[PDB]
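**Student:** Contents of run.cif (mmCIF, C-alpha atoms and all ligand atoms) are below:
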```
data_upload
#
loop_
_atom_site.label_atom_id
_atom_site.label_comp_id
_atom_site.auth_asym_id
_atom_site.auth_seq_id
_atom_site.Cartn_x
_atom_site.Cartn_y
_atom_site.Cartn_z
CA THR A 17 -24.15 4.52 -36.29
CA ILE A 18 -21.92 5.20 -33.27
CA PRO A 19 -23.96 6.58 -30.34
CA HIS A 20 -22.84 9.90 -28.91
CA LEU A 21 -22.98 10.33 -25.16
CA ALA A 22 -22.44 13.35 -22.88
CA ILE A 23 -21.17 11.31 -19.92
CA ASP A 24 -17.96 12.77 -18.50
CA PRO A 25 -15.88 9.86 -17.15
CA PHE A 26 -13.53 12.35 -15.48
CA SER A 27 -16.18 14.25 -13.50
CA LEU A 28 -16.51 14.08 -9.72
CA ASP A 29 -20.04 12.68 -9.99
CA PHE A 30 -18.74 9.83 -12.15
CA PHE A 31 -15.92 9.06 -9.71
CA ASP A 32 -18.36 9.10 -6.82
CA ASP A 33 -20.38 6.25 -8.38
CA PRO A 34 -19.33 5.13 -11.88
CA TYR A 35 -21.42 1.96 -12.04
CA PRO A 36 -24.73 3.27 -13.53
CA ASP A 37 -22.91 5.33 -16.15
CA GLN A 38 -20.71 2.33 -16.98
CA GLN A 39 -23.83 0.26 -17.65
CA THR A 40 -25.14 3.09 -19.83
CA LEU A 41 -21.83 3.05 -21.77
CA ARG A 42 -21.85 -0.75 -22.19
CA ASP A 43 -25.49 -0.89 -23.19
CA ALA A 44 -25.32 1.98 -25.68
CA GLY A 45 -23.18 -0.16 -28.02
CA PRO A 46 -19.77 -1.81 -28.33
CA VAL A 47 -18.20 1.56 -29.30
CA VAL A 48 -19.44 4.97 -28.22
CA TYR A 49 -18.32 8.53 -28.89
CA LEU A 50 -17.82 10.77 -25.83
CA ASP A 51 -18.71 14.28 -26.98
CA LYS A 52 -17.30 15.93 -23.87
CA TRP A 53 -13.71 15.05 -24.84
CA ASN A 54 -13.90 14.00 -28.52
CA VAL A 55 -12.77 10.42 -27.90
CA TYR A 56 -14.12 6.96 -28.63
CA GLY A 57 -15.03 4.79 -25.66
CA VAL A 58 -15.20 1.04 -25.14
CA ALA A 59 -16.78 -0.25 -21.94
CA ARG A 60 -17.56 -3.91 -22.62
CA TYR A 61 -15.11 -6.66 -21.79
CA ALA A 62 -14.83 -7.90 -25.39
CA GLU A 63 -13.77 -4.61 -26.96
CA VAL A 64 -11.51 -3.60 -24.06
CA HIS A 65 -9.74 -6.96 -24.38
CA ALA A 66 -9.53 -6.61 -28.18
CA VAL A 67 -8.04 -3.12 -28.02
CA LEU A 68 -5.45 -4.09 -25.38
CA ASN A 69 -4.40 -7.09 -27.50
CA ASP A 70 -3.88 -5.17 -30.78
CA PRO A 71 -1.00 -2.79 -29.90
CA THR A 72 -0.17 -2.25 -33.59
CA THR A 73 -3.54 -0.65 -34.35
CA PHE A 74 -4.14 0.78 -30.86
CA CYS A 75 -0.76 2.16 -30.00
CA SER A 76 0.73 3.51 -26.75
CA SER A 77 3.53 5.70 -28.11
CA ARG A 78 1.13 8.62 -28.71
CA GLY A 79 0.31 8.52 -24.99
CA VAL A 80 -2.05 6.51 -22.78
CA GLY A 81 -3.68 9.71 -21.52
CA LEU A 82 -6.08 11.97 -23.38
CA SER A 83 -3.17 14.00 -24.77
CA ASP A 84 -1.86 12.83 -28.15
CA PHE A 85 1.96 13.15 -28.21
CA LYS A 86 1.73 13.82 -31.97
CA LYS A 87 -0.20 17.01 -31.13
CA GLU A 88 1.03 18.21 -27.71
CA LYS A 89 4.25 17.96 -25.74
CA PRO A 90 4.19 15.28 -23.00
CA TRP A 91 4.20 16.78 -19.50
CA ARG A 92 7.38 14.80 -18.67
CA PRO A 93 9.75 12.80 -20.94
CA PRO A 94 7.88 9.71 -22.20
CA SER A 95 8.14 6.47 -20.31
CA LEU A 96 10.39 4.00 -22.15
CA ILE A 97 7.94 1.20 -21.38
CA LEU A 98 4.35 2.45 -20.89
CA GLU A 99 4.53 5.02 -23.71
CA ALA A 100 6.47 2.88 -26.18
CA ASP A 101 5.28 0.38 -28.78
CA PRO A 102 7.03 -2.75 -30.00
CA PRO A 103 9.81 -3.06 -30.94
CA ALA A 104 11.09 -0.11 -28.84
CA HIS A 105 9.01 -1.42 -25.91
CA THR A 106 10.44 -4.93 -25.97
CA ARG A 107 13.89 -4.66 -24.42
CA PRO A 108 12.94 -2.23 -21.59
CA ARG A 109 9.99 -4.50 -20.85
CA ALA A 110 12.28 -7.52 -20.65
CA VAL A 111 14.54 -5.71 -18.16
CA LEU A 112 11.67 -4.78 -15.85
CA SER A 113 10.25 -8.31 -16.19
CA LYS A 114 13.57 -9.75 -15.00
CA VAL A 115 13.95 -7.17 -12.23
CA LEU A 116 10.43 -8.03 -10.93
CA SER A 117 10.65 -11.70 -11.97
CA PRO A 118 9.13 -14.84 -10.48
CA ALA A 119 12.59 -15.61 -9.17
CA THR A 120 13.03 -12.12 -7.56
CA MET A 121 9.86 -12.49 -5.43
CA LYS A 122 11.72 -15.17 -3.40
CA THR A 123 14.20 -12.52 -2.16
CA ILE A 124 11.54 -10.14 -0.79
CA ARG A 125 8.68 -12.38 0.39
CA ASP A 126 9.92 -13.05 3.94
CA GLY A 127 10.40 -9.34 4.68
CA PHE A 128 7.13 -8.29 3.03
CA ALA A 129 5.21 -10.91 4.99
CA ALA A 130 6.88 -10.01 8.29
CA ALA A 131 6.05 -6.33 7.71
CA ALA A 132 2.42 -7.16 6.97
CA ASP A 133 2.04 -9.27 10.12
CA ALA A 134 3.75 -6.55 12.16
CA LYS A 135 1.44 -3.86 10.78
CA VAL A 136 -1.68 -5.86 11.57
CA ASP A 137 -0.39 -6.51 15.13
CA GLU A 138 0.25 -2.80 15.59
CA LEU A 139 -3.19 -1.88 14.27
CA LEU A 140 -4.86 -4.38 16.60
CA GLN A 141 -3.31 -2.55 19.56
CA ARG A 142 -5.21 0.58 18.49
CA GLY A 143 -8.43 -1.20 17.49
CA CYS A 144 -10.05 1.68 15.63
CA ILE A 145 -7.87 2.77 12.73
CA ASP A 146 -8.11 4.39 9.30
CA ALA A 147 -7.57 1.53 6.86
CA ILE A 148 -6.28 4.01 4.26
CA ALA A 149 -3.61 6.08 6.05
CA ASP A 150 -2.82 3.45 8.66
CA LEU A 151 -2.88 0.31 6.49
CA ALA A 152 -3.32 0.74 2.71
CA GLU A 153 -0.77 3.59 2.65
CA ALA A 154 1.37 2.68 5.65
CA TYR A 155 2.08 -0.90 4.60
CA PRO A 156 3.34 -0.25 1.04
CA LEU A 157 5.30 2.74 2.36
CA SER A 158 6.90 0.34 4.85
CA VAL A 159 8.15 -2.12 2.17
CA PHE A 160 8.24 -0.68 -1.35
CA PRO A 161 10.59 2.34 -1.01
CA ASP A 162 13.01 0.08 0.83
CA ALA A 163 12.74 -2.65 -1.85
CA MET A 164 13.47 0.07 -4.46
CA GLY A 165 16.57 1.09 -2.50
CA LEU A 166 15.49 4.68 -1.79
CA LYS A 167 16.95 6.69 1.07
CA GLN A 168 14.60 7.60 3.93
CA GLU A 169 14.65 11.36 3.30
CA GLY A 170 12.08 12.77 0.92
CA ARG A 171 9.77 9.74 0.72
CA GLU A 172 6.83 12.10 1.32
CA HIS A 173 7.19 13.03 -2.38
CA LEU A 174 6.30 9.54 -3.63
CA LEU A 175 2.51 9.44 -3.23
CA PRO A 176 2.09 13.03 -4.54
CA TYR A 177 4.25 12.18 -7.55
CA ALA A 178 2.22 9.06 -8.34
CA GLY A 179 -1.08 10.92 -7.90
CA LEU A 180 0.27 13.47 -10.39
CA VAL A 181 1.21 10.79 -12.91
CA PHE A 182 -2.26 9.26 -12.78
CA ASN A 183 -4.06 12.62 -12.84
CA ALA A 184 -2.00 13.56 -15.88
CA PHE A 185 -3.49 10.76 -18.00
CA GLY A 186 -6.81 12.59 -17.73
CA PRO A 187 -8.14 15.49 -19.69
CA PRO A 188 -6.99 19.05 -18.87
CA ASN A 189 -9.54 19.42 -16.08
CA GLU A 190 -8.92 20.98 -12.69
CA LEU A 191 -7.57 17.75 -11.19
CA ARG A 192 -4.91 17.53 -13.87
CA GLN A 193 -4.01 21.19 -14.04
CA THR A 194 -3.68 21.57 -10.26
CA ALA A 195 -1.50 18.44 -10.11
CA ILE A 196 0.87 19.79 -12.75
CA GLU A 197 0.99 23.25 -11.09
CA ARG A 198 2.25 21.62 -7.88
CA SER A 199 4.60 19.11 -9.53
CA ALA A 200 8.06 20.69 -9.60
CA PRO A 201 9.39 19.57 -6.18
CA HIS A 202 8.06 16.01 -6.61
CA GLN A 203 9.56 15.69 -10.10
CA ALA A 204 12.85 17.05 -8.83
CA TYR A 205 13.02 14.53 -6.00
CA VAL A 206 11.95 11.58 -8.14
CA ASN A 207 14.31 12.33 -11.01
CA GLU A 208 17.22 12.63 -8.57
CA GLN A 209 16.55 9.26 -6.86
CA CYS A 210 16.65 7.58 -10.27
CA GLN A 211 20.40 8.14 -10.64
CA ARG A 212 22.57 5.10 -9.91
CA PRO A 213 24.47 6.47 -6.86
CA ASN A 214 21.19 7.13 -5.03
CA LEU A 215 19.84 3.56 -5.16
CA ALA A 216 20.91 1.13 -2.45
CA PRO A 217 22.65 -2.13 -3.43
CA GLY A 218 20.42 -5.10 -4.17
CA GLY A 219 17.18 -3.11 -4.54
CA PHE A 220 15.06 -2.85 -7.66
CA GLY A 221 16.68 0.43 -8.78
CA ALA A 222 20.22 -0.90 -8.51
CA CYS A 223 19.12 -4.02 -10.35
CA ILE A 224 17.77 -1.96 -13.27
CA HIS A 225 21.10 -0.11 -13.47
CA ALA A 226 22.95 -3.47 -13.42
CA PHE A 227 21.17 -4.50 -16.63
CA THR A 228 22.86 -1.67 -18.53
CA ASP A 229 25.85 -3.82 -19.43
CA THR A 230 23.91 -6.72 -21.00
CA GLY A 231 22.94 -4.82 -24.10
CA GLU A 232 19.26 -4.82 -23.20
CA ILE A 233 19.29 -1.16 -22.09
CA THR A 234 21.94 1.51 -22.04
CA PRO A 235 23.01 3.51 -18.99
CA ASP A 236 20.96 6.54 -20.09
CA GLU A 237 17.77 4.39 -20.14
CA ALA A 238 18.09 3.15 -16.58
CA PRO A 239 16.98 6.31 -14.73
CA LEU A 240 13.72 6.49 -16.69
CA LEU A 241 13.09 2.80 -15.94
CA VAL A 242 13.58 3.46 -12.23
CA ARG A 243 11.16 6.34 -12.76
CA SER A 244 8.60 3.86 -14.11
CA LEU A 245 8.62 1.82 -10.88
CA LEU A 246 8.39 4.98 -8.70
CA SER A 247 5.46 6.17 -10.88
CA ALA A 248 3.47 2.97 -11.20
CA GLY A 249 4.37 0.78 -8.24
CA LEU A 250 3.20 2.51 -5.04
CA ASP A 251 -0.15 4.31 -5.36
CA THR A 252 -1.62 1.44 -7.38
CA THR A 253 -0.86 -0.99 -4.54
CA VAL A 254 -2.24 1.46 -1.96
CA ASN A 255 -5.52 1.52 -3.82
CA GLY A 256 -5.48 -2.26 -4.38
CA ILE A 257 -4.96 -3.04 -0.70
CA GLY A 258 -7.49 -0.38 0.28
CA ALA A 259 -9.95 -1.92 -2.15
CA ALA A 260 -9.43 -5.38 -0.63
CA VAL A 261 -9.97 -4.12 2.93
CA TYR A 262 -13.05 -2.21 1.81
CA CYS A 263 -14.42 -5.35 0.17
CA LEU A 264 -13.83 -7.43 3.32
CA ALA A 265 -15.42 -4.70 5.45
CA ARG A 266 -18.53 -4.57 3.23
CA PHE A 267 -18.82 -8.37 2.68
CA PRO A 268 -18.28 -9.99 6.09
CA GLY A 269 -19.28 -13.40 4.78
CA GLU A 270 -16.22 -13.26 2.57
CA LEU A 271 -13.99 -12.25 5.48
CA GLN A 272 -15.33 -15.33 7.27
CA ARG A 273 -14.47 -17.59 4.32
CA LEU A 274 -11.01 -16.05 4.16
CA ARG A 275 -10.41 -16.67 7.88
CA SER A 276 -11.46 -20.25 7.45
CA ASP A 277 -8.98 -20.78 4.59
CA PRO A 278 -6.16 -18.21 4.55
CA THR A 279 -4.76 -19.80 1.38
CA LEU A 280 -7.59 -17.91 -0.39
CA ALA A 281 -5.66 -14.67 0.34
CA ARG A 282 -4.09 -14.35 -3.11
CA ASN A 283 -7.41 -14.90 -4.91
CA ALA A 284 -9.23 -12.60 -2.46
CA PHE A 285 -6.80 -9.86 -3.50
CA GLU A 286 -7.13 -10.65 -7.20
CA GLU A 287 -10.94 -10.49 -6.83
CA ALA A 288 -10.61 -7.07 -5.14
CA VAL A 289 -8.54 -5.89 -8.13
CA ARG A 290 -11.32 -7.06 -10.47
CA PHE A 291 -14.13 -5.69 -8.29
CA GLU A 292 -12.76 -2.21 -7.53
CA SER A 293 -10.17 -1.91 -10.37
CA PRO A 294 -7.63 0.58 -8.92
CA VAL A 295 -6.73 1.62 -12.45
CA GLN A 296 -10.10 2.51 -13.97
CA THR A 297 -9.39 3.88 -17.45
CA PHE A 298 -6.71 4.82 -19.90
CA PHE A 299 -6.28 5.34 -23.61
CA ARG A 300 -4.80 4.10 -26.87
CA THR A 301 -4.47 6.02 -30.16
CA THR A 302 -5.40 4.44 -33.50
CA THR A 303 -2.61 4.16 -36.08
CA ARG A 304 -4.98 3.45 -39.02
CA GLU A 305 -8.65 3.35 -39.77
CA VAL A 306 -10.05 0.31 -37.95
CA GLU A 307 -13.31 -1.63 -37.52
CA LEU A 308 -13.99 -2.43 -33.88
CA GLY A 309 -17.20 -4.15 -32.79
CA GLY A 310 -18.82 -3.11 -36.08
CA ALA A 311 -17.88 0.58 -35.86
CA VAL A 312 -15.33 2.36 -38.08
CA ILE A 313 -12.79 4.52 -36.22
CA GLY A 314 -10.46 6.78 -38.17
CA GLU A 315 -6.67 7.06 -37.84
CA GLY A 316 -5.21 9.21 -35.08
CA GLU A 317 -8.20 8.87 -32.71
CA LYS A 318 -8.06 8.42 -28.95
CA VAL A 319 -9.87 5.37 -27.62
CA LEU A 320 -10.78 5.34 -23.91
CA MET A 321 -10.97 1.91 -22.32
CA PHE A 322 -13.04 1.34 -19.20
CA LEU A 323 -11.16 -1.43 -17.36
CA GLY A 324 -13.41 -1.27 -14.31
CA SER A 325 -16.47 -1.58 -16.54
CA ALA A 326 -14.96 -4.51 -18.47
CA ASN A 327 -14.40 -6.16 -15.07
CA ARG A 328 -18.12 -5.76 -14.27
CA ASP A 329 -19.56 -6.61 -17.68
CA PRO A 330 -22.32 -9.25 -17.27
CA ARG A 331 -21.56 -10.45 -20.83
CA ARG A 332 -18.32 -11.86 -19.39
CA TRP A 333 -18.88 -12.33 -15.63
CA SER A 334 -21.52 -14.13 -13.58
CA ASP A 335 -22.86 -11.88 -10.80
CA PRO A 336 -20.25 -9.26 -11.70
CA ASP A 337 -21.30 -6.95 -8.89
CA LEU A 338 -20.62 -9.52 -6.18
CA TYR A 339 -17.26 -9.82 -4.38
CA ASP A 340 -16.49 -13.57 -4.44
CA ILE A 341 -13.11 -14.71 -3.13
CA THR A 342 -13.37 -18.09 -4.86
CA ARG A 343 -14.28 -16.60 -8.26
CA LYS A 344 -12.27 -17.77 -11.26
CA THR A 345 -10.66 -14.37 -11.78
CA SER A 346 -8.34 -15.27 -14.68
CA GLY A 347 -8.95 -12.91 -17.57
CA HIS A 348 -9.89 -9.83 -15.62
CA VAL A 349 -8.26 -6.70 -17.04
CA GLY A 350 -7.40 -4.92 -13.77
CA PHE A 351 -3.69 -5.40 -14.60
CA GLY A 352 -4.28 -4.89 -18.32
CA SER A 353 -3.80 -7.58 -20.96
CA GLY A 354 -1.21 -8.35 -23.62
CA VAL A 355 2.20 -6.86 -24.14
CA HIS A 356 1.87 -4.04 -21.59
CA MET A 357 0.10 -6.13 -18.95
CA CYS A 358 1.37 -4.88 -15.60
CA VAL A 359 5.02 -5.80 -15.31
CA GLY A 360 4.77 -5.24 -11.53
CA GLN A 361 1.88 -7.70 -11.08
CA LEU A 362 3.94 -10.14 -8.99
CA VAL A 363 4.95 -7.38 -6.56
CA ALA A 364 1.34 -6.18 -6.30
CA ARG A 365 0.00 -9.69 -5.73
CA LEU A 366 2.73 -10.41 -3.16
CA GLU A 367 1.88 -7.31 -1.10
CA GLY A 368 -1.85 -7.96 -1.35
CA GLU A 369 -1.51 -11.65 -0.51
CA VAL A 370 0.63 -11.19 2.57
CA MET A 371 -1.56 -8.39 3.95
CA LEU A 372 -4.73 -10.40 3.42
CA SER A 373 -3.02 -13.44 4.99
CA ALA A 374 -2.16 -11.38 8.08
CA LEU A 375 -5.78 -10.19 8.34
CA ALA A 376 -7.08 -13.73 7.76
CA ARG A 377 -4.98 -15.08 10.63
CA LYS A 378 -5.24 -12.20 13.12
CA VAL A 379 -8.58 -10.41 12.66
CA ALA A 380 -12.08 -11.68 13.49
CA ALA A 381 -14.09 -8.71 12.25
CA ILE A 382 -13.67 -5.50 10.22
CA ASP A 383 -16.48 -3.02 10.90
CA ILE A 384 -16.77 0.38 9.24
CA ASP A 385 -17.10 2.84 12.14
CA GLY A 386 -16.85 6.35 10.67
CA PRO A 387 -17.52 8.32 7.49
CA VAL A 388 -16.03 6.78 4.36
CA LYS A 389 -14.42 9.41 2.10
CA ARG A 390 -13.49 8.87 -1.54
CA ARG A 391 -10.23 10.08 -3.09
CA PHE A 392 -10.60 11.62 -6.55
CA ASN A 393 -8.12 11.02 -9.38
CA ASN A 394 -8.57 11.05 -13.16
CA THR A 395 -7.65 7.39 -13.54
CA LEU A 396 -7.21 5.79 -10.06
CA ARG A 397 -10.19 4.61 -7.95
CA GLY A 398 -9.80 4.44 -4.22
CA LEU A 399 -10.62 5.87 -0.85
CA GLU A 400 -9.22 8.81 1.12
CA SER A 401 -10.44 7.52 4.50
CA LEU A 402 -11.88 4.18 5.65
CA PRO A 403 -12.47 4.20 9.44
CA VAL A 404 -12.71 0.62 10.69
CA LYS A 405 -12.70 -1.21 13.98
CA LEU A 406 -10.54 -4.35 13.84
CA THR A 407 -11.51 -7.06 16.32
CA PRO A 408 -8.73 -9.54 17.17
CA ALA A 409 -9.16 -13.23 16.44
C1 LIG B 1 -2.79 -3.45 -7.67
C2 LIG B 1 -1.73 -2.83 -8.18
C3 LIG B 1 -1.53 -2.53 -9.65
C4 LIG B 1 -2.45 -2.37 -10.62
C5 LIG B 1 -3.99 -2.45 -10.55
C6 LIG B 1 -1.75 -2.09 -11.85
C7 LIG B 1 -2.30 -1.92 -13.09
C8 LIG B 1 -1.61 -1.82 -14.29
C9 LIG B 1 -2.17 -1.76 -15.64
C10 LIG B 1 -3.69 -1.80 -15.93
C11 LIG B 1 -1.17 -1.66 -16.53
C12 LIG B 1 -1.30 -1.65 -18.07
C13 LIG B 1 -1.22 -0.26 -18.66
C14 LIG B 1 -1.41 -0.26 -20.15
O1 LIG B 1 -1.79 -1.29 -20.74
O2 LIG B 1 -1.16 0.81 -20.79
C15 LIG B 1 0.04 -1.64 -15.76
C16 LIG B 1 1.30 -1.46 -16.34
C17 LIG B 1 2.46 -1.29 -15.58
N1 LIG B 1 2.61 -1.41 -14.20
FE1 LIG B 1 1.12 -1.87 -12.90
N2 LIG B 1 -0.41 -2.11 -11.61
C18 LIG B 1 -0.23 -2.34 -10.29
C19 LIG B 1 0.98 -2.47 -9.58
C20 LIG B 1 2.22 -2.25 -10.11
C21 LIG B 1 3.46 -2.37 -9.39
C22 LIG B 1 3.62 -2.84 -7.93
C23 LIG B 1 4.44 -1.97 -10.24
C24 LIG B 1 5.96 -1.93 -10.11
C25 LIG B 1 6.64 -2.35 -9.05
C26 LIG B 1 3.85 -1.62 -11.52
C27 LIG B 1 4.48 -1.22 -12.66
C28 LIG B 1 3.93 -1.14 -13.91
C29 LIG B 1 4.60 -0.78 -15.13
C30 LIG B 1 6.09 -0.35 -15.21
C31 LIG B 1 3.73 -0.87 -16.15
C32 LIG B 1 4.00 -0.62 -17.63
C33 LIG B 1 4.16 -2.02 -18.29
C34 LIG B 1 4.35 -1.90 -19.80
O3 LIG B 1 4.05 -0.84 -20.39
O4 LIG B 1 4.78 -2.91 -20.46
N3 LIG B 1 2.48 -1.84 -11.43
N4 LIG B 1 -0.23 -1.72 -14.39
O1 LIG B 2 6.32 3.85 -16.92
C1 LIG B 2 5.68 4.58 -16.10
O2 LIG B 2 6.07 5.71 -15.73
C2 LIG B 2 4.29 4.10 -15.80
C3 LIG B 2 3.89 2.78 -16.05
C4 LIG B 2 2.58 2.39 -15.86
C5 LIG B 2 1.68 3.31 -15.37
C6 LIG B 2 0.26 2.86 -15.34
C7 LIG B 2 -0.77 3.53 -16.00
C8 LIG B 2 -1.91 2.67 -15.84
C9 LIG B 2 -1.41 1.58 -15.13
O3 LIG B 2 -0.12 1.73 -14.87
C10 LIG B 2 2.05 4.62 -15.13
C11 LIG B 2 3.36 5.01 -15.29
CL CL B 3 9.40 13.32 -13.48
MG MG B 4 -9.53 11.53 -39.70
#
```
Once you've parsed the file, please lay out its structure as structure tokens.

**Tutor:**
Amino acid sequence: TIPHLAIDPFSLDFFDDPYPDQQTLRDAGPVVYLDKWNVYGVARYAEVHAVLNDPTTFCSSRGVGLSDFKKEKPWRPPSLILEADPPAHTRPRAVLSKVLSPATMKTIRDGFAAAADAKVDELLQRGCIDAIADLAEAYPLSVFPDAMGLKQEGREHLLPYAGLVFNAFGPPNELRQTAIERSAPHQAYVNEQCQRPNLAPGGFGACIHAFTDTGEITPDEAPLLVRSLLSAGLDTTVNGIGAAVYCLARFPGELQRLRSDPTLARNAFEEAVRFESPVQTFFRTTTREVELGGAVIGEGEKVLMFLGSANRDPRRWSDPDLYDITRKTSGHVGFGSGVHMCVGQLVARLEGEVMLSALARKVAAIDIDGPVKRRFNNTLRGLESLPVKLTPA
């Protein structure tokens, strides 16, 4: 009844161009079985959305990677938020929601916007730049560590640590095993910065520690919650901003619409998140036997969700393979859906918006002018190098 496929969604060929295989996965049925890894897969919007929105049946506390925490030891202590189910999830989630709240965005927006305008001005002096190292990486590095309250020294550990975290959700392939082999110095740095004395006053880390006297979290939970933001809040935004620049470089008509109405910047970024989906895949584990899209899945089974595929499913989206900055994007699953839906989404959207607003106001053209190179990770999609010429407005 359930079709069995040999597609390896963690292979380099798949990362190089996942879109044909994603259609094959959607069109094979609502639920497939991936023989390479002994997991169920869901690639259509409907089932991805259903799984995300039933956290009781499709839990997170057995891990959101391939590894089942009931069978193997987690590679690092479990996250108190991502790898927790309700009710243990609820109070840590509420703390991070308040630390990254609608109200908190008002304290950082002026500085984030000024940094984005300054970066675009600097890049325009050079003309030909690498939109990954020089923009997608450089901009979030220029704002997010400081907003966290991290010291300057050792920040070179942050992107390697995040790449490790996202590789470690995958299967025990070479990408994952090499990442873990190299991990000790990055883990050591990250764990140390999570302690209260190492986080500058007023930043996100200090604010998490301040919540430890409200009864929502205890002091010994705060370092792991700081760890969550250092894991999840940098490399994702690098790949989101890189995706947006790549979309504007490939679709110049949409750059022209964005220049003509810079208030489209926030939706242009949201559409890039749908179109490229920085976070491509991750897992749940069933807590009982369950019927999903007509298939029966037993207890204790890993279920792989294809978020990028859900975001391109023609059953849900008109012209899914077009980048359209005025699309009604509400309902895309690039930030997840339901109780775990990205708690950092307002930070991500703020960074993306202000960078795209700077480009909309300052840049007339974005032309790819060198070899584009992809960066490979078990669950993140993005580029290693994106040579572009920026022409000033
Ligand atoms: C474009 C950028 C981003 C993308 C595409 C993204 C994507 C996601 C997704 C898909 C999830 C849901 C995971 C799940 O359901 O298991 C998530 C959760 C989360 N994200 Fe993001 N994210 C981004 C930026 C950020 C930022 C800037 C931060 C923090 C400052 C952050 C922190 C978190 C945390 C802590 C969680 C766990 C939430 C929970 O389990 O309740 N993310 N993100
Ligand atoms: O709590 C953490 O350490 C954490 C939180 C979220 C993520 C993530 C996976 C997919 C999207 O976001 C990774 C790590
Ligand atoms: Cl760690
Ligand atoms: Mg069984």

**Student:** Which of these residues is nearest to ligand LIG 1 (chain B), using only C-alpha atoms and all ligand atoms: A:166, A:371, A:184, A:357?

**Tutor:**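 Nearest to ligand LIG 1 (chain B): A:357.
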
**Student:** Could you list, as an MDAnalysis selection string, all protein and nucleic acid residues with an atom at most 8 Å from ligand LIG 1 (chain B), counting only C-alpha atoms and all ligand atoms?

**Tutor:** chainID A and resid 68 76 80 97:100 105 109 112 116 241 244:257 289 293:296 298:300 323 349:365 368

**Student:** For residue 265 in chain A, which residue among A:384, A:338, A:148, A:181 is the nearest when counting all atoms listed in the file?

**Tutor:**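 Closest residue, counting all atoms listed in the file: A:384.
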
**Student:** Ranking A:314, A:373, A:221, A:190 by minimum distance to ligand MG 4 (chain B) and counting all atoms listed in the file, which one comes first?

**Tutor:**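 The closest residue to ligand MG 4 (chain B) is A:314.
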
**Student:** As a quick test: using all atoms listed in the file, which residues lie no more than 9 Å away from ligand CL 3 (chain B)? Give them as number ranges by chain.

**Tutor:** A: 91-93, 177, 181, 199-200, 202-207, 240, 243, 247

**Student:** Could you check which of A:383, A:63, A:315, A:88 is closest to residue 42 in chain A, using only C-alpha atoms?

**Tutor:**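 For residue 42 in chain A, the nearest of the given residues is A:63.
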
**Student:** Taking all atoms listed in the file and a cut-off of 10 Å, can you tell me which residues surround ligand MG 4 (chain B), written as JSON, numbers by chain?

**Tutor:** {"A": [304, 305, 313, 314, 315, 316, 317]}

**Student:** Those same residues, written as a PDB file, in the coordinates of the input with C-alpha atoms?

**Tutor:**
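Saved file again_15.pdb follows:
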```pdb
ATOM      1  CA  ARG A 304      -4.980   3.450 -39.020  1.00  0.00           C
ATOM      2  CA  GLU A 305      -8.650   3.350 -39.770  1.00  0.00           C
ATOM      3  CA  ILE A 313     -12.790   4.520 -36.220  1.00  0.00           C
ATOM      4  CA  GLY A 314     -10.460   6.780 -38.170  1.00  0.00           C
ATOM      5  CA  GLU A 315      -6.670   7.060 -37.840  1.00  0.00           C
ATOM      6  CA  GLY A 316      -5.210   9.210 -35.080  1.00  0.00           C
ATOM      7  CA  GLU A 317      -8.200   8.870 -32.710  1.00  0.00           C
TER       8      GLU A 317
END
```

**Student:** So, counting only C-alpha atoms and all ligand atoms, which residue among A:178, A:263, A:311, A:370 is closest to ligand LIG 2 (chain B)?

**Tutor:**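 Looking at the shortest contact to ligand LIG 2 (chain B), the residue is A:178.
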
**Student:** Can you pull out the residues contacting range 143-146 of chain A? Cut-off 9 Å, using only C-alpha atoms, and skip same-chain residues under 6 positions away; I want them as JSON, numbers by chain.

**Tutor:** {"A": [152, 385, 401, 402, 403, 404, 405, 406, 407, 408]}

**Student:** Could you state the separation of CA of residue 186 in chain A and CA of residue 326 in chain A in Å, given to one decimal place?

**Tutor:** 19.0 Å
